[PDB]
Amino acid sequence: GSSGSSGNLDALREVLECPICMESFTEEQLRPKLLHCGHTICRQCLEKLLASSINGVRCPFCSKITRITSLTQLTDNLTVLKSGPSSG
Ligand SMILES: [Zn+2]
Ligand SMILES: [Zn+2]
């Protein structure tokens, strides 16, 4: 058993975490990727989608096919890795 923390606490605005799995963007594994739309998702989630897709990945948010054969092709999202937010 492991638990014990305070709830009803939400201050962070940035999306340092994935809007899907909600896991801290960790280069080691979960690498933050930016779609041609703007939304940021961890390569992990993007992979599950790309796998099937062939002519681009369909964003589960806006649904903007990301014509990219490789995970690096799309727009990189190092903003989450950078120290703090980029734009306020
Ligand atoms: Zn994810
Ligand atoms: Zn999107």
# chains A, B, ... in the order shown; residues from 1 in each chain; ligands from 1
>>> residues_near_ligand(ligand="ligand 1", cutoff="10 Å", atoms="only C-alpha atoms and all ligand atoms", output="list in words")
residues 17, 18, 19, 20, 21, 22, 23, 24, 25, 30, 31, 32, 33, 40, 41, 42, 43, 44, 45, 46, 47 and 48 of chain A
>>> residues_near_ligand(ligand="ligand 2", cutoff="9 Å", atoms="only C-alpha atoms and all ligand atoms", output="list in words")
residues 34, 35, 36, 37, 38, 39, 40, 41, 58, 59, 60, 61, 62, 63, 64 and 65 of chain A
>>> atom_distance(atom1="CA of residue 51 (chain A)", atom2="CA of residue 72 (chain A)")
14.4 Å
>>> closest_residue(among="A:81, A:50, A:9, A:15", to="residue 68 (chain A)", atoms="only C-alpha atoms")
A:50
>>> select_by_dssp(residues="chain A", states="strand (DSSP E or B)", output="VMD selection string")
chain A and resid 17 24 32 to 34 40 to 42 57 66 75 to 76
>>> select_by_dssp(residues="chain A", states="helix (DSSP H, G or I)", output="compact mmCIF listing (two decimals) with N, CA, C and O atoms, in the first residue's frame")
# COMPACT_ATOMS: atom_id res chain seq x y z
N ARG A 43 6.11 10.60 -27.97
CA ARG A 43 6.36 9.67 -29.06
C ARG A 43 5.59 8.37 -28.85
O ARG A 43 5.10 7.76 -29.81
N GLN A 44 5.49 7.94 -27.60
CA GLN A 44 4.78 6.71 -27.26
C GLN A 44 3.37 6.72 -27.85
O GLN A 44 2.99 5.81 -28.59
N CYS A 45 2.59 7.74 -27.50
CA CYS A 45 1.23 7.86 -27.99
C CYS A 45 1.21 8.07 -29.51
O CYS A 45 0.39 7.48 -30.21
N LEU A 46 2.12 8.90 -30.00
CA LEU A 46 2.21 9.19 -31.43
C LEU A 46 2.54 7.92 -32.21
O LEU A 46 2.08 7.74 -33.34
N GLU A 47 3.33 7.04 -31.60
CA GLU A 47 3.72 5.79 -32.24
C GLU A 47 2.50 4.90 -32.49
O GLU A 47 2.29 4.40 -33.59
N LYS A 48 1.70 4.71 -31.44
CA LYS A 48 0.50 3.88 -31.54
C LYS A 48 -0.36 4.31 -32.72
O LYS A 48 -0.98 3.48 -33.39
N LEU A 49 -0.41 5.62 -32.97
CA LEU A 49 -1.20 6.16 -34.07
C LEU A 49 -0.48 5.98 -35.40
O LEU A 49 -1.03 5.43 -36.35
N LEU A 50 0.77 6.44 -35.46
CA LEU A 50 1.57 6.32 -36.67
C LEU A 50 1.58 4.89 -37.18
O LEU A 50 1.39 4.64 -38.37
N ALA A 51 1.82 3.94 -36.27
CA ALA A 51 1.85 2.53 -36.63
C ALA A 51 0.85 2.22 -37.74
O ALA A 51 1.23 1.78 -38.82
N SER A 52 -0.43 2.44 -37.45
CA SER A 52 -1.48 2.18 -38.42
C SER A 52 -1.39 3.15 -39.60
O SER A 52 -1.15 2.75 -40.73
